[PDB]
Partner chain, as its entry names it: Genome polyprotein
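Form deposited without the partner chain, single chain, as structure tokens, below.
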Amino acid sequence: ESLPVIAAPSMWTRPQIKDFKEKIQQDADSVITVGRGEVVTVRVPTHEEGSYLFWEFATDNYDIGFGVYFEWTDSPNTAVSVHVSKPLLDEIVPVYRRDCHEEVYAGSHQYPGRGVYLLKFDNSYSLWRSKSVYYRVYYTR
């Protein structure tokens, strides 16, 4: 109901894509496969001890849609969960196609309150190709 204060996110790209994939691959949970025509949502709750969310991601051969939403939900855990496809939603990063197969894409956002970030990996426009998403999320103080 009440009106939130929402800061603009920071977004950047960086060219060290080969090293990025090498490092995150060292955890297989950090590589997700987004089926043709599918949308995958990574839910990332806010930490009480945190003030910002940071994310980075890349793909192998093709672009993919990416955006970020904030869901005003008091989450029991701070545990990250992944989901394949009442609460208020705000748009932090609009879902656009990203050339994250050529560069690492990254960004950050100041917590607007307690809630849950929705990282959207959107492959709904792809008729024939699955995508391999290499991704990292963490909070800062």
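Positions refer to the first chain, counted from 1.
Keep in mind that the form deposited with the partner chain bound is missing from the display, and what follows is about it.
By the criterion of a heavy atom within 4.5 Å, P87 is excluded from the residues contacting the partner chain in the deposited complex. For the chain shown alone, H101 is not a contact residue for the partner chain in the deposited complex, no non-hydrogen atom being within 4.5 angstroms. In the deposited complex, the partner chain stays beyond 4.5 Å of every heavy atom belonging to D63. The partner chain in the deposited complex comes within 4.5 Å of no heavy atom belonging to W72.
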